[PDB]
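First the structure, in the form of structure tokens, and then the observations on it.
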Amino acid sequence: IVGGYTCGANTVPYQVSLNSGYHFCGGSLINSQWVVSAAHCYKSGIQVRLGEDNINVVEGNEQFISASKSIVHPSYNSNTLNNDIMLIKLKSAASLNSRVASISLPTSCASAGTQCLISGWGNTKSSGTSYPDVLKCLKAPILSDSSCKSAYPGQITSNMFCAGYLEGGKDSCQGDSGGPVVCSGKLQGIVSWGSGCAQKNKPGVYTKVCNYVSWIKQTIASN
Ligand SMILES: NCCCc1ccccc1
Ligand SMILES: [Ca+2]
């Protein structure tokens with residue numbers, strides 16, 4: 001996250017870190033046994049790390065649970081990033097409390113102008129690199145679909161939205177991938193892609209989760 005603030009330990013209790021020997025992607029807990037992330041975060045051998053603030057320090061609220069199954073969206077296209085969403089089932093159910101808590105799925109798509117919280121452990125610099133060890137947070141509005149299509153000509157599908165600031169300085173970034181965009185207490189987006197980070201007229205692009213709610217519900221009902 002570029003131009004954000006330190007969230008505070010366990011103040012984003014649905015935030016997960018996907019670890020394969022190192023943090024590589026964020027994610028969101030949607031019930032005690034399922035995580036949703038970006039399909040471009042797909043990998044074999046994922047351990048899901050819950051209750052995290054400092055990812056390099058064991059601080060006492062963590063639950064490390066291995067993944068038993070990953071399901072990438074059946075129409076994921078890695079070239080266009082259309083349908084960049086994946087579900088991960090945990091081997092055992094997480095233990096839920098004020099510090100590890102699931103986030104609700106939306107019943108409605110969020111509108112342009114809605115303020116949201118984006119969070120993750122990704123890079124904090126737009127030019128160059130510095131990875132935080134603690135969770136960073138950013139408040140950003142959902143941008144109108146016309147300004148989103150004007151920033152990314154011929155690349156925005158109906159399964160994507162832009163969020164952020166057309167004049168740059170504040171944005172999600174590498175390592176924030178698969179992490180949450182929560183608006184009014186509902187998961188609305190997944191950190192998906194963008195042209196660099198915090199660049200002028202190149203805002204973050206996010207997978208539009210309200211389009212996927214019935215695929216998520218069906219898939220967790222049968223797996
Ligand atoms: N410009 C938006 C943030 C771009 C970023 C998100 C996810 C992965 C890599 C970069
Ligand atoms: Ca830790």
Side-chain angles (χ1 to χ4, degrees), residues 1-28 36-43 46-59 62 78 80-81 84-86 114-143 147-148 150-153 155-156 160-183 187-207:
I1 302 284
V2 186
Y5 58 103
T6 298
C7 304
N10 307 307
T11 65
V12 186
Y14 52 84
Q15 173 80 230
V16 324
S17 169
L18 303 187
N19 186 109
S20 59
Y22 49 85
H23 172 82
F24 67 93
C25 271
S28 303
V36 66
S37 186
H40 76 260
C41 287
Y42 172 77
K43 200 173 190 164
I46 294 178
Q47 177 183 244
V48 182
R49 303 195 160 207
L50 318 180
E52 286 285 16
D53 189 42
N54 200 126
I55 57 173
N56 279 320
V57 185
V58 179
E59 302 182 294
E62 306 90 340
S78 57
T80 63
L81 279 324
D84 187 23
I85 186 176
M86 165 183 72
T114 307
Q115 187 208 73
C116 304
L117 186 67
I118 302 166
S119 51
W121 294 275
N123 192 16
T124 60
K125 243 272 85 188
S126 40
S127 50
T129 60
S130 191
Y131 287 82
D133 292 322
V134 290
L135 189 69
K136 293 287 171 177
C137 277
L138 175 64
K139 295 180 172 188
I142 293 172
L143 297 175
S147 59
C148 193
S150 308
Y152 294 105
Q155 298 151 77
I156 303 301
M160 300 170 191
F161 66 87
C162 293
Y165 301 97
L166 283 328
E167 293 304 278
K170 300 168 169 291
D171 202 2
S172 55
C173 200
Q174 129 61 240
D176 292 318
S177 281
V181 183
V182 168
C183 317
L187 179 70
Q188 292 281 179
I190 294 162
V191 183
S192 173
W193 69 274
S195 198
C197 317
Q199 285 272 83
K200 223 175 74 52
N201 301 124
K202 294 295 170 169
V205 191
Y206 302 91
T207 303

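The figures that follow rest on heavy atoms only: side chains count, while hydrogens, waters and symmetry mates do not. By convention here, the first residue in the shown sequence is residue 1.
With sequence neighbours left out, the salt bridge (charged side-chain N to carboxylate O under 4.0 Å, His left out) criterion links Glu59 to no other residue. Listed by chain and number, the residues in a side-chain hydrogen bond (donor to acceptor under 3.5 Å, both in side chains) with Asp84 are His40, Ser192 (sequence neighbours excluded). The side-chain hydrogen bond (donor to acceptor under 3.5 Å, both in side chains) check on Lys125 picks up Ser127, with sequence neighbours excluded. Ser28 is linked by a side-chain hydrogen bond (donor to acceptor under 3.5 Å, both in side chains) to nothing, counting only residues two or more places apart in sequence or in another chain. Among residues two or more places apart in sequence or in another chain, the ring-ring contact (aromatic ring centres under 6.0 Å, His included) test is passed with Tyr152 by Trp193. Remark: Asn56 pairs with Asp133 by the side-chain hydrogen bond (donor to acceptor under 3.5 Å, both in side chains) rule, at least two apart or across chains.
Note that CD of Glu62 is 11.0 Å distant from CD1 of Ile55, once rounded to the nearest 0.5 Å. The CD1 atom of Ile1 lies 4.0 Å from the CG atom of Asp176; values are rounded to the nearest 0.5 Å. Once rounded to the nearest 0.5 Å, the distance linking SG of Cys148 with CD of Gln155 reads 9.5 Å. Going from atom CG of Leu81 over to atom OH of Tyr206 covers 13.0 Å, rounded to the nearest 0.5 Å. Separating the CD1 atom in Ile46 from the CG atom in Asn19 is a distance of 10.0 Å, to the nearest 0.5 Å.
Contact record, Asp171 with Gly196: OD2-O, 4.3 Å, taken as the closest heavy-atom pair. Heavy-atom minimum distance, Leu187 versus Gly189: CD1-O, 3.6 Å. Nearest heavy atom pair, residue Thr6 against residue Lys136, reads OG1-NZ, 3.0 Å. Shown here for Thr207 and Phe161, the closest heavy-atom pair between the two residues is O-CE2, 3.9 Å. Between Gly27 and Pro180, the closest heavy-atom pair is O-CD, 3.9 Å. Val2 approaches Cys197 most closely through the heavy-atom pair CG2-CB, 4.1 Å.
Side-chain contact check for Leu50 versus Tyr14: every heavy-atom pair is 4.5 Å or farther apart. Side-chain contact between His23 and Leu18 is absent, with no heavy atoms from C-beta onward closer than 4.5 Å. Residues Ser17 and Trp121 meet the side-chain proximity criterion, which asks for heavy atoms closer than 4.5 Å. Inter-residue side-chain proximity for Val36 and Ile85 is flagged as met; some heavy-atom pair is nearer than 4.5 Å. Side-chain contact between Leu135 and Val12 is present, with at least one heavy-atom pair separated by less than 4.5 Å. You'll find the side chain of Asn201 reaches within 4.5 Å of the side chain of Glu167, heavy atoms only. Using a 4.5 Å heavy-atom threshold, the side chains of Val16 and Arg49 count as separate. Using a 4.5 Å heavy-atom cutoff, the side chains of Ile190 and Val181 are not in contact.
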**Message:** Test side chain to side chain contact (heavy atoms under 4.5 Å, CB included) on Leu117 and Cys137; report intermediate values, then the result.
**Reply:** CA-CA 7 Å; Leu117 186 67; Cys137 277; 3.8 Å; yes

**Request:** Dump the intermediate steps for side chain to side chain contact (heavy atoms under 4.5 Å, CB included) on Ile142 and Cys183, then the final yes or no.
**Result:** CA-CA 9 Å; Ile142 293 172; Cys183 317; 4.0 Å; yes

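A donor-acceptor pair under 3.5 Å is formed between the side chain of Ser37 and the backbone N or O of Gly26. Not one N or O on the side chain of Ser147 forms a donor-acceptor pair closer than 3.5 Å with the backbone of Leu143.
When the shell of 6.0 Å around NZ of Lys139 is examined, it contains 12 or fewer heavy atoms from other residues, nucleotides or ligands. Heavy atoms from other residues, nucleotides or ligands lying under 6.0 Å from OH of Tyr42 number 12 at most.
Side-chain contact annotation: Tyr131 with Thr129, donor-acceptor N/O pair under 3.5 Å absent.
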